[PDB]
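# Coordinate inspection notes
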Amino acid sequence: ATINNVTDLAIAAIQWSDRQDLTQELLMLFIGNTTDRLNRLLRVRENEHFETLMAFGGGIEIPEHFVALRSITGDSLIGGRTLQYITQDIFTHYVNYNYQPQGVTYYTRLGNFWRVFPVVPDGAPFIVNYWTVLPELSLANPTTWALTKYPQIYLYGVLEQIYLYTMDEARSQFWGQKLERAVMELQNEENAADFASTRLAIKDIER
Amino acid sequence: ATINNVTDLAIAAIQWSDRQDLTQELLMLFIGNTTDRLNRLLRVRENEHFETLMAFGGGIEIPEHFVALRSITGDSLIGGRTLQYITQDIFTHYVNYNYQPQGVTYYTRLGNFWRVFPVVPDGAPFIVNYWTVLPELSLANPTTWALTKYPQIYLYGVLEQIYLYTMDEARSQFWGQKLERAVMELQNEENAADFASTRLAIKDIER
Amino acid sequence: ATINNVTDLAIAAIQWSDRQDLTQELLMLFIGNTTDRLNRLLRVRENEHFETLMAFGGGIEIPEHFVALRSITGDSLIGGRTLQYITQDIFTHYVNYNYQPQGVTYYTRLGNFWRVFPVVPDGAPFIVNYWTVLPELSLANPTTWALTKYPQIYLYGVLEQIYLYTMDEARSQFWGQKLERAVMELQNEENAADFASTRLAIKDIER
Amino acid sequence: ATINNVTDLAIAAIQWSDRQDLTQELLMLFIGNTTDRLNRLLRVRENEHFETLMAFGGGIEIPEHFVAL
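Determination of this PDB entry was carried out by cryo-EM to a resolution of 2.8 Å, according to the record.

Shown next as structure tokens:
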């Protein structure tokens with residue numbers, strides 16, 4: 001509720017800032033700036049995504065909207081194991097010494113690709129769970145989950161952008177602090193969704 | 001997303017700065033200055049590049065776009081070993097005492113060249129993974145990945161350059177702080193892309 | 001790109017400072033001052049140089065462009081070793097006691113010459129790797145590598161020199177800080193070119 | 001009873017050590033090392049075999065799995 005789509009957001013921003021001289025292009029630019037800033041800070045459940053990817057040429061291509069990786073799991077037909085990260089030197093040693101484990105076990109990052117050690121023929125399926133970027137807010141995409149989840153974030157971001165544009169500094173920094181507080185509150189709520197999971201997903205390969 | 005090409009960036013910068021005395025040449029100069037400043041700070045995934053180089057005269061010529069080295073690996077035919085850095089006097093000792101390992105294992109830097117110890121004939125292929133400079137943004141090259149990834153960086157940099165040009169310093173510091181915050185945000189986001197890989201690439205050969 | 005040669009640099013300096021009363025001689029003096037200041041602060045790969053030198057009269061003459069020494073290596077005909085530094089007292093003791101090692105091993109600095117202990121006949125070749133001064137920027141030398149690599153350094157240095165000449169305080173400090181920050185950024189980028197080499201060349205000979 | 005096969009042993013080791021980074025190959029190597037160590041210590045009824053051999057060339061060939069006579 002509250003604010004439903006982009007047009008109401010623009011109307012509310014105009015009403016609050018009283019600046020009736022702002023064209024729609026400037027409002028679109030402000031919203032784009034706000035969502036671009038959001039894309040670098042939010043790692044929440046609605047942002048997560050898991051899907052099946054093919055392996056071709058001994059590697060997996062990173063998705064275009066990838067922002068952070070959570071897990072890679074081999075298919076049960078190819079071994080059904082959760083992959084582990086190794087450096088380039090370990091990969092070279094394994095290749096040279098012909099390790100030959102039972103199934104796909106290790107992976108490393110090379111350029112824009114994930115290379116798995118027990119090199120498999122083309123067509124190997126993997127399950128990748130990762131994080132994407134927030135959907136763009138525009139006329140073609142009137143509604144997003146972020147807008148319907150917490151409209152204050154977008155309202156405060158647009159207000160801060162407006163006061164930056166009008167070359168005012170006190171209100172600009174005030175609204176920037178407000179937006180940062182809202183983002184921190186949302187991230188904190190997501191972080192404390194389950195108490196048990198907080199401790200885990202931290203300690204991996206210590207020795 | 002938001003700003004797409006160089007012309008849109010120039011229009012947005014002119015609108016935000018509210019100035020009208022800026023010509024095309026000044027805008028190009030400001031954009032070039034921002035790109036040159038960015039070239040000294042960003043080491044991200046899109047900045048990486050790996051390619052095959054031929055060794056001639058017992059050495060490999062450093063590419064002209066080189067800014068930082070990630071790894072050098074020999075070809076499987078020549079040994080397929082990940083090279084290790086050695087100091088010049090160690091190189092001299094190895095040459096004098098005829099160490100004679102199996103493949104190419106060591107390398108050092110001399111002038112603009114990388115010299116490998118087990119001197120190989122001309123034509124030995126190597127795989128070099130390193131970082132390059134950001135692509136030039138101009139009329140002939142109106143689009144880059146940096147612009148489409150985070151336009152706020154370019155917008156703030158151009159605004160700071162503009163305010164520097166007009167003999168105003170306080171707002172120059174304001175926009176410079178904004179730009180450096182954006183750059184730090186982008187770099188920090190890239191650093192935590194893979195949590196598992198963060199622990200490695202920190203400590204090597206300690207003894 | 002950006003700024004190509006000295007004439008464009010002077011034009012840009014005039015445009016930014018708005019001081020159209022400055023003659024070409026003053027601009028040349030400012031550029032020379034900036035280059036002289038740079039000569040005492042930069043040790044970069046582009047500044048490195050290695051070459052073969054003759055030994056005359058039991059010594060090697062220091063090159064006129066020498067700023068800092070990296071390594072001296074004897075030719076394979078005279079031992080092919082990497083020389084080590086010894087003090088005057090050790091040199092005198094070695095001479096008096098007729099140490100007589102196999103090849104040339106030690107060197108010391110006497111006045112403007114490098115004296116090697118196992119005194120060799122005239123014409124002994126050595127390979128010296130060291131650092132030089134930056135190329136002079138003037139009308140006879142319109143372009144240098146420093147200008148084409150980072151024009152901001154020269155622009156900021158010229159602006160600081162101009163504001164020193166016009167006898168202004170705040171802007172002089174501002175532009176001096178900007179130039180120092182640019183120089184520090186360039187040096188830091190050079191230092192972190194290869195992470196592996198950072199550990200070495202630090203802990204050498206403790207006893 | 002208790003632990004019945006190798007998979008139960010691996011699961012118990014994972015649970016007790018609390019180490020989720022252990023692969024199958026490392027566990028197999030650990031089990032093999034334990035068995036090799038046990039091979040030099042245990043002399044029990046289940047480890048004992050009696051069988052009929054034929055003497056050829058005035059001699060008896062030692063069995064391949066022989067550890068003690």
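For the rest of this paragraph, the subject is the pattern of salt bridges. Using the criterion set out here, one finds 24 salt bridges over all chains in the structure. The salt bridge involving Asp168(A) is made with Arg171(A); its shortest N-O contact spans 3.7 Å. Across the pair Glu46(B) and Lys149(B) runs a salt bridge whose closest N-O atoms are separated by 3.5 Å. Taken as a pair, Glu46(B) in the loop between helix 2 (24-39) and strand 1 (48-55) and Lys149(B) in helix 4 (residues 145-149) lie far apart in primary sequence, 103 residues in all. Its relative accessible area of 27% is what places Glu46(B) among the partly exposed residues. Owing to a relative accessible area of 21%, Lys149(B) belongs among the partly exposed residues under this scheme.

The subject of this paragraph is the sheet that holds strand 1 (residues 48-55) of chain C. All names here are of chain C. Spatially, 1-7-3 is the arrangement adopted by the three strands of the open sheet, whose pairing is antiparallel. Where the open sheet ends on each side, the last strands, each with one partner, are strand 1 and strand 3 (68-74). With strand direction ignored, the average angle separating the axes of adjacent strands in the sheet is 25°. The sheet contact formed by strand 3 and strand 7 (residues 124-131) spans six bridges and is antiparallel. Note on strand 7: the bridge partner recorded for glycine 74 is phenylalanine 126.

In the contact formed by helix 2 (residues 24-39) of chain A and helix 1 (residues 6-17) of chain B, the axes pass within 13 Å of each other and the chain directions differ by 100°. As far as their axial angle goes, helix 1 of chain B and helix 2 of chain A are roughly perpendicular. Taking contact as the criterion, the partners of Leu26(A), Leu29(A), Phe30(A) and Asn33(A) in helix 2 of chain A are, on helix 1 of chain B, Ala12(B), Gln15(B) and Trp16(B). Taken together, the residues of the contact of helix 2 of chain A with helix 1 of chain B break down into five nonpolar, two polar and no charged.

Contacts between chain D and chain A engage six residues on the former and 12 residues on the latter. Both sides together, the interface formed by chain D and chain A hides about 630 Å², and carbon and sulfur atoms give 39% of it. On inspection of chain D and its partner chain A, the count reaches one salt bridge. Between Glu25(D) and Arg81(A) there is a salt bridge whose closest N-O contact spans 3.3 Å. Linking chain D with chain A are three residue pairs in polar contact.

Residues and elements named next belong to chain D. Where nonpolar side chains cluster on the molecular surface, the patch consists of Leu38, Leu41, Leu42 and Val44 and spans about 340 Å² of accessible area. Topologically, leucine 41 is positioned in the segment after helix 2 (24-39). Classification of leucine 41 as exposed rests on a relative accessible area of 55%.

Residues and elements named next belong to chain C. Relative to strand 5 (residues 106-110), strand 4 (residues 84-85) runs parallel, the two being bridged by two bridges. Bridge pairing in strand 5 places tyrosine 85 opposite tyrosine 107. Crossover strand 4 to strand 5 through helix 3 (residues 88-97) is right-handed. Bridge analysis of strand 5 against strand 6 (residues 113-116) gives four bridges, and the strand direction is antiparallel. Looking across to strand 6, one finds that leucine 110 is bridged to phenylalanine 113. Between strand 5 and strand 6, which follow one another and run antiparallel, lie two residues, and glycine 111 among them has a positive phi close to 60°.

By contact count, the leading pair among the three pairs of chains in contact is chains B and C. Between chain A and chain C there is no contact; the minimum C-alpha to C-alpha separation amounts to 14 Å. Regarding chain C and chain D, the two do not touch, and the least distance separating their C-alpha atoms is 28 Å.

Residue and element names in this part refer to chain A. Taking every second residue as pointing to the same face, the buried face of strand 6 (residues 113-116) carries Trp114 and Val116, while none of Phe113 and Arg115 on the other face is buried. Where strand 2 (residues 59-61) and strand 6 come together, three bridges link them in antiparallel fashion. For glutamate 61, the partnering residue across the bridge sits in strand 6 and is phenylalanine 113.

Phi is positive for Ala201(A), which is not a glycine, with a value near 60°. Along the chain, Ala201(A) turns up in the segment after helix 7 (196-199).

Accessible area lost during the coming together of the parts is what is often quoted as the interface size. Between chain B and chain C, the residue contacts involve 41 residues of the former and 39 residues of the latter. For the pair chain B and chain C, the summed buried surface comes to about 3300 Å²; carbon and sulfur atoms form 49% of the total. For the pair chain B and chain C, the number of links is six salt bridges. Notably, a salt bridge pairs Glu185(C) with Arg37(B), separated by 3.1 Å at the nearest N-O pair. Remark: the boundary between chain B and chain C carries 13 residue pairs in polar contact. If one sorts the elements of the side of chain B that touches chain C by residue count, helix 2 of chain B sits on top with nine residues. The residue makeup of the side of chain B that touches chain C, split by class, is 16 nonpolar, 13 polar and 12 charged.

Our focus in this paragraph is the nonpolar core. By size, the foremost hydrophobic cluster in this structure holds 104 residues, and its most contacted members are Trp16(B), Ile153(B), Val158(B), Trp16(C), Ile153(C) and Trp175(C). With 10 residues, the top contributor of residues to this core is helix 5 (residues 151-165) of chain B. Apart from the residues lying within four places of it in its own chain, the contact partners of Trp16(C) are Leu29(B), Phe30(B), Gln161(B), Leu164(B), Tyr165(B), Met167(B), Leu155(C), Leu159(C) and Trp175(C).

Residues and elements named next belong to chain A. One open sheet holds the three strands; their spatial order is 1-7-3, and the pairing between them is antiparallel. With partners counted over all chains shown, the strands left at the sheet margins are strand 1 (48-55) and strand 3 (68-74), one partner each. Averaged over all pairs of adjacent strands, the angle between strand axes in this sheet comes to 25°, irrespective of strand direction.

The rules behind the values
- Residues numbered from 1 in each chain as written, not as in the entry; some residues may be left out.
- Chains lettered and ligands numbered in written order.
- Part of a larger assembly, values for the part shown.
- Heavy atoms only, no water.
- Salt bridge = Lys/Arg side-chain N within 4 Å of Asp/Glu carboxyl O.
- Helix = DSSP H or I, 4+ residues; strand = E, 2+ residues; numbered from the N terminus.
- Buried < 20%, exposed > 50% of the residue type's maximum accessible area, 1.4 Å probe, protein only.
- Pairing = 2+ DSSP bridges.
- Axes fitted to C-alpha atoms, helices over the stretch in contact; angles between N-to-C directions.
- Parallel < 35°, antiparallel > 145°, perpendicular 65-115°, else oblique.
- Contact = heavy atoms within 4.5 Å.
- Nonpolar A, V, L, I, M, F, W, Y, C, P; charged D, E, K, R; others polar.
- Buried area = accessible area lost by both parts, 1.4 Å probe.
- Polar contact = N/O pair within 3.5 Å; in protein donor to acceptor, adjacent residues only side chain to side chain.
- Patch = residues over 30% accessible without salt bridge, like charges linked within 9 Å, V, L, I, M, F, W, Y side chains within 5 Å.
- Areas by Shrake-Rupley, 256 points an atom, 1.4 Å probe, with all protein chains shown as cover.
- Right-handed = clockwise from strand over helix to strand, strands pointing away.
- Core = buried A, V, L, I, M, F, W, Y, C linked by side-chain atoms within 4.5 Å.

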